[PDB]
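In structure tokens, the structure reads:
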């Protein structure tokens with residue numbers, strides 16, 4: 096027989112491009128959620144109750160069940176903490192925190208409160224991702240090459256944050272490839288060597304060359320480059336004995352040998368995942384891609400290339 | 096009534112100073128262990144069966160129950176992996192791996208095999224550590240200052256490894272203070288800002304200034320310095336309202352207010368801990384201090400100071 100379900104009452108904290116282009120539109124389509132409030136000193140949503148602080152909102156809106164926290168990782172611990180302390184489920188934007196320690200702390204808090212915490216990784220939900228995963232599982236794998244090369248100027252015009260110590264530099268778009276690889280490969284990998292290319296100012300890298308291995312010694316090469324002004328590349332190529340998969344366009348398209356076998360629904364699947372784990376009563380906090388970033392910074396030979404303006 | 100127990104049959108893999116000064120002597124005193132074999136291309140132990148490779152030893156000595164792996168983190172994954180694959184308990188030297196990812200991998204392997212894995216942190220077992228921990232628990236804490244300043248020249252004469260990318264630089268002795276703080280404090284902390292001081296060659300830092308917070312905003316300041324040629328400092332000072340604790344000499348001595356309240360038994364307690372968790376059927380892999388190191392490298396403003404010879 097049919098089981099009726101009331102919506103999960105959702106609040107949004109934060110504003111910006113991703114909030115307008117991705118969050119709000121996906122929420123509007125998702126019937127398992129009701130958007131009941133927003134909290135921000137930088138904007139409101141027409142016809143939705145608004146508050147300037149997360150504490151003000153948690154006080155005044157006791158019907159809230161969950162919160163999507165859309166700010167950058169810098170400001171984000173404190174807000175995630177109060178939400179979980181209130182017992183709300185929490186949807187974290189990518190990467191899930193500034194440090195791994197903050198995140199492991201938030202995770203412990205969440206378990207203790209029975210609240211579902213979620214590290215979203217949008218790229219992991221790009222439309223050819225699961226078909227790559229299922230493929231690689233039936234097949235034997237030889238090598239893996241990750242190419243993620245894009246032009247800063249085009250995507251991050253005049254921005255300061257990316258270059259702060261902590262801003263991650265090229266790892267900012269790079270963690271997305273990591274969030275795919277981590278899901279796609281059969282076995283976990285680890286960094287074996289890394290080179291990090293910094294400008295003379297600022298305190299964050301422009302390119303990286305990284306090698307990984309798994310336990311069976313499968314080699315993984317990753318190149319991240321923020322100077323690729325020409326052809327845009329977001330691919331992960333795997334030499335297989337069945338016999339060569341290419342996943343391109345940030346996980347969007349899959350060509351087995353050359354037989355190129357759906358449309359981009361990343362944020363809508365994130366919200367499906369969030370609805371899903373709330374109803375299962377679980378968390379989904381995979382830190383593996385942020386862990387790879389931190390390892391790269393810890394192991395990386397710090398190489399200086401020029402200046403950037 | 097009395098319960099009799101046979102020894103845990105132990106193998107040692109690796110050689111060096113710590114093997115002679117700490118491991119072997121502690122093993123010799125510990126009746127819960129029997130040293131049955133060694134594996135190394137760099138030395139043997141008189142009257143103990145010797146092998147050149149860990150695989151040779153695991154084949155020929157089926158009575159082995161556990162292994163202490165004493166090599167540096169570089170070589171150490173592969174050996175830890177084969178041991179756990181064999182189903183042996185594993186005692187890892189500090190830090191437990193080169194990367195956090197390798198360690199999380201070894202941990203998963205261990206659980207899957209039912210084998211006890213152990214990240215040893217010797218300094219955590221320094222003789223005033225538990226008295227600090229119990230103190231801070233009954234008390235309210237204001238601030239925490241960590242001073243860990245030592246002269247390289249004295250302790251690491253002419254060594255190359257410490258400066259490799261991956262060698263950790265000053266974080267090598269610094270992770271020991273981290274391994275205390277992590278145990279001593281009531282709540283977990285996280286890095287809020289960090290400065291990392293590199294020489295012009297090599298690829299690893301000489302000093303670090305690091306700030307942390309916990310959830311209640313308790314401030315923690317840490318200074319690590321490898322140029323302190325004068326007074327040797329390994330202290331962690333906590334301003335309390337009961338009313339000021341000093342833990343000095345790498346966790347060895349405790350002065351509450353000035354009432355300075357045992358002798359150094361780090362490795363013997365490590366082996367007690369290892370015997371203990373094997374009999375309980377559990378692992379003890381606290382990565383929190385290595386996690387702090389990786390965070391520091393990921394968040395750190397990379398500052399250049401001079402050259403080093």
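Residue numbers (my numbering), protein chains in the order written: chain A, 96 to 404; chain B, 96 to 404.
Don't be surprised by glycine CBs; every beta carbon is placed ideally from N, CA and C.
Span separating the alpha-carbon of residue i from that of residue j
i: residue 464/A; j: residue 343/B; result: No answer is possible for residue 464/A: it lies beyond the span of chain A, which begins at 96 and ends at 404.
i: residue 319/B; j: residue 392/B; result: 14 Å
i: residue 202/A; j: residue 215/A; result: 14 Å
i: residue 369/B; j: residue 103/A; result: 47 Å
i: residue 99/B; j: residue 126/B; result: 12 Å
i: residue 120/B; j: residue 218/B; result: 17 Å
i: residue 190/B; j: residue 168/B; result: 7 Å
i: residue 235/B; j: residue 333/B; result: 10 Å
i: residue 188/A; j: residue 253/B; result: 46 Å
i: residue 312/B; j: residue 337/A; result: 54 Å
i: residue 279/B; j: residue 175/A; result: 25 Å
i: residue 97/A; j: residue 376/A; result: 21 Å
i: residue 135/B; j: residue 341/A; result: 43 Å
i: residue 128/A; j: residue 386/B; result: 36 Å
i: residue 233/B; j: residue 101/B; result: 40 Å
i: residue 255/A; j: residue 307/B; result: 24 Å
i: residue 157/B; j: residue 146/B; result: 14 Å
i: residue 399/B; j: residue 264/B; result: 14 Å
i: residue 326/B; j: residue 314/B; result: 25 Å
i: residue 171/A; j: residue 403/A; result: 29 Å
i: residue 143/A; j: residue 112/A; result: 19 Å
Test item: CB-CB of residue i and residue j under 8 Å
i: residue 328/A; j: residue 270/A; result: no
i: residue 211/B; j: residue 372/B; result: yes
i: residue 388/B; j: residue 266/B; result: yes
i: residue 331/A; j: residue 305/A; result: no
i: residue 295/A; j: residue 301/A; result: no
i: residue 193/B; j: residue 394/A; result: yes
i: residue 299/B; j: residue 262/B; result: yes
i: residue 297/A; j: residue 258/A; result: yes
i: residue 179/B; j: residue 153/B; result: no
i: residue 345/B; j: residue 227/B; result: no
i: residue 162/A; j: residue 380/A; result: no
i: residue 396/B; j: residue 260/A; result: yes
i: residue 183/A; j: residue 150/A; result: no
i: residue 109/B; j: residue 165/B; result: yes
i: residue 335/A; j: residue 237/A; result: yes
i: residue 213/B; j: residue 186/B; result: yes
Continuous alpha helix (DSSP H) stretch holding residue i: start and end
i: residue 246/A; result: Where residue 246/A is concerned, there is no enclosing alpha helix (DSSP H), given that its DSSP letter is neither H nor E.
i: residue 271/B; result: 266-279
i: residue 121/A; result: 119-124
Start-to-end residues for the beta strand (DSSP E) that takes in residue i
i: residue 289/A; result: 285-293
i: residue 328/B; result: 328-335
i: residue 107/B; result: 103-108
i: residue 189/A; result: Note, residue 189/A: premise wrong, no beta strand (DSSP E); not H, not E.
i: residue 399/A; result: 396-399
Option in the options with minimal Cα separation from residue i
i: residue 339/A; options: 324/A, 355/A and 346/A; result: 355/A
i: residue 133/B; options: 125/B, 148/B and 384/B; result: 148/B
i: residue 282/A; options: 260/A, 272/A, 274/A and 309/A; result: 309/A
i: residue 358/B; options: 337/B, 348/B, 367/B and 173/B; result: 348/B
i: residue 274/B; options: 361/B, 260/B and 169/B; result: 361/B
i: residue 245/A; options: 253/A, 268/A, 232/A and 237/A; result: 268/A
i: residue 364/A; options: 111/A, 96/A, 112/A and 117/A; result: 117/A
i: residue 401/A; options: 322/A, 374/A and 383/A; result: 322/A
i: residue 239/B; options: 272/B, 160/B, 138/B and 247/B; result: 272/B
i: residue 384/B; options: 284/B, 135/B and 173/B; result: 284/B
i: residue 105/B; options: 248/B, 159/B and 138/B; result: 159/B
i: residue 367/B; options: 326/B, 123/B, 111/B and 112/B; result: 123/B
i: residue 248/A; options: 324/A, 181/A and 276/A; result: 324/A
i: residue 317/B; options: 351/B, 155/B and 276/B; result: 276/B
i: residue 378/A; options: 404/A, 314/A and 207/A; result: 207/A
i: residue 382/A; options: 326/A, 315/A and 200/A; result: 200/A
i: residue 155/B; options: 137/B, 170/B and 181/B; result: 181/B
Interface flag, residue i vs chain D, CB-CB below 8 Å
i: residue 96/B; result: Of the chains in the structure shown, none is chain D; the protein chains are A and B.
Start-end ranges of the alpha helix (DSSP H) lying completely within the region 195-262 of chain B, minimum 4 residues: 195-208, 224-232 and 247-250
Any alpha helix (DSSP H) of 4 or more consecutive residues that is wholly inside the region 127-186 of chain B: 149-155 and 168-180
Completely contained alpha helix (DSSP H) runs for the region 297-383 of chain A, where each covers 4 or more residues: Counting only runs of 4 or more, we get 361-375.
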